[PDB]
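First structure 1, then structure 2: two forms of the same chain, each alone, as structure tokens.
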Structure 1
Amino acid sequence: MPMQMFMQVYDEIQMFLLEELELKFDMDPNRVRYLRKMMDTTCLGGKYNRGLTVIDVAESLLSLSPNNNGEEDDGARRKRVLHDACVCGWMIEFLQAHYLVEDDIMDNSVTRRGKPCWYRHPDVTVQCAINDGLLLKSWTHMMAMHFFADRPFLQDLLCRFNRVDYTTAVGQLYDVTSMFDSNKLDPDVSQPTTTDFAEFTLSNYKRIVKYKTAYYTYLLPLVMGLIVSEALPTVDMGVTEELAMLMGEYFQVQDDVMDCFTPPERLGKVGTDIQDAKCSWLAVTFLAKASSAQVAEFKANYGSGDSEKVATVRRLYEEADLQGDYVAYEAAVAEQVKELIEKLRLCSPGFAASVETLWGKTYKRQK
């Protein structure tokens, strides 16, 4: 049902944008075609994990103190909240859409969702792809304003949205600057490659992971479900914030691990985090426990497309039982996520349940 609703509003959103563009922007049907296909391609074919969350949260806070006016329960709020909930859901989805479009270019990925990255479609330049990206972020604003201009929460909605928008970009700077020694970090300064791997620290890792994934993936969807429910003050931001960060860091680590050990047929993307010399969890988790010996062979094999290097990089990781360190991680995270969510239930049992469902879609995660 929720995906039923959710998808109904997708079609609604797509129609407004596309039609707005042609009635008020002077756009030919051709380009509209392009934009219509761009949107579909980058915005559909996913989990709708973030989108679906906002809805579940919304519809879950609905029951308790349903806004509270003068009426003996009215299903006009139930309906007005889950349309809003749906729009916010899509605001999140177009937002990630934008970042993934820009990310693949950046990470130079060649595929995603079993299909080529947007910027790798035969009929798409990268120049156009970079702006298709911008377009996706702008869509989120046209749609928020188009459907929320009469909502008293619009100011708060969009302020929290853009902060998280900003937070994810900070995260991407941390991400993208994790291969070059900070002290050198200087535009005017000739291309410092990725010599020594200091700053490939768990400390350093947690921080890029937090801002680049946790917030737009776990905090933002919950927060936005609160807001369209007018139940934001209803809930402990501290606990909530603590779970999102937790859940959000465990989720990235997962894609970091799935990146190395899951088959692309399952994954979609062809794992290259190695080759890209990415600061993945395996990477930092390895170097902190790897003998002096082990750490050398890593340094000589990491960040390379050589068919015999990566494989060796998959060996040291195997060797070192990184595969085991994960499970331990996974369980610690699991313990605290459950202690945290319990603190929630007390005061916020309605809310606390949709976090659990969110935890349900994360714990599994094998894709």
Structure 2
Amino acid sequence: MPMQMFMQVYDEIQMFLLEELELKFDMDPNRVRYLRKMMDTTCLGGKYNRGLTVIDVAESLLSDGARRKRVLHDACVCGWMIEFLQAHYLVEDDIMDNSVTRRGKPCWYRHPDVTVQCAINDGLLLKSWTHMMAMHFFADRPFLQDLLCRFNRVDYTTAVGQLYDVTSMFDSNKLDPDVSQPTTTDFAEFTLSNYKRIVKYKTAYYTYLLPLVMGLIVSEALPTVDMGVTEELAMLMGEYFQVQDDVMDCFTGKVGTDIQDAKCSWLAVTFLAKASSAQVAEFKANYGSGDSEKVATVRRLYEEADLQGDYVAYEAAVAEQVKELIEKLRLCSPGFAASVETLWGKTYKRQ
């Protein structure tokens, strides 16, 4: 049901965007068609949990037919603002990582006649489409200024996160736009504290706080909740998401490549913070190569350091913190707090 409405508002948003390009930007149908395909490929095919969260939050805050009809439709449009924003970051981050595929289709910039030259701009369009849809559908809403400001702020936040991700490669002290660096990692930046900072800004704001905020706004309920507790829940849930991902990447789509990719994962930083000198040097020697001997070594080390045990203890401490915060929130905001529970239930030990 939520999904049906969601996908219906997709077509209605697509329609508006494509027509406007025709009527107002003089666009011919060859180019309109290219952008339709870019839009579909970049925005469709995931689970839409970010966007669906907005719907679910708006449904729980509803407390004569047609306020409900409008609030839910607003929720769907906000939901798609988040999905298109995410698509924007994926397209740009894939180019930035020189990644290869996504869903098990190719990275957008890797399609045969999309080019790195076109794809960068395609990203820019995807993010402008968030503004254009907000400005069209919410032209007359009193929350429009506030929505744009909060959205802009999360946008910025996410680009900042991507800065931290991008500069996790080498000693921050040698950071200089005039002076090359080896694209061997250092590991100098592979600390828990840096990892937590990357995840928080790159990921937790847009994935967990923004959908909750948007559901609040379109329900006109934002002042009714404790925003400090709400952010804290978002940051914790968001962090747990990525750590859960990082672990499953190693120890469970088809199978993941963070080790080969030499990623700053929870595993790597947690391993480095507890390991012996000998373990460290063997890590450094084996990490970040496709070679299936080098990989297997890294997994072995991860296994000897009992990282899965550490994971299980981290998970349970997060759960108990999440649970206390949800109860603080339920004191004043019982409907909002249930929606957060439900969000947490779609993250905790996956699904």
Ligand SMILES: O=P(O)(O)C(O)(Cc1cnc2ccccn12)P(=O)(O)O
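When a residue number appears, read it as a position in the sequence of structure 1, where counting begins at 1. Here the rigid core means the biggest group of C-alpha atoms that line up within 1.5 Å when the two forms are laid on top of each other.
Visitor: The form deposited without the named molecule: is that structure 1, or is it structure 2?
Guide: That would be structure 2, which is the form deposited without the named molecule.
Visitor: After superposing on the rigid core, which residue out of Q275, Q294, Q172, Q96 has its C-alpha displaced by 2 Å or more between the two structures?
Guide: Everything else stays below 2 Å; the exception is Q275.
Visitor: On a core-based superposition, does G46 travel 2 Å or more at its Cα between the two structures?
Guide: Stays below the 2 Å threshold, so no.
Visitor: Aligning on the rigid core, do we see the C-alpha of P29 shift 2 angstroms or more between the two structures?
Guide: No; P29 is a residue whose C-alpha shifts by less than 2 Å between the two structures when the cores are overlaid.
Visitor: Please check if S138 moves between the two structures, taking a CA shift of 2 Å or more relative to the superposed core as movement.
Guide: No: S138 shifts by under 2 Å between the two structures.
Visitor: Report, to one decimal in Å, how far the Cα of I105 moves between the two structures once the rigid core is superposed.
Guide: Its C-alpha position differs by 0.8 Å.
Visitor: Cα of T195: shift between the two structures in Å, core-fitted?
Guide: So the C-alpha of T195 has moved 5.3 Å between the two structures.
Visitor: Where the core is superposed, what shift in Å does the CA of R345 undergo between the two structures?
Guide: Reported C-alpha shift between the two structures: 1.0 Å at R345.
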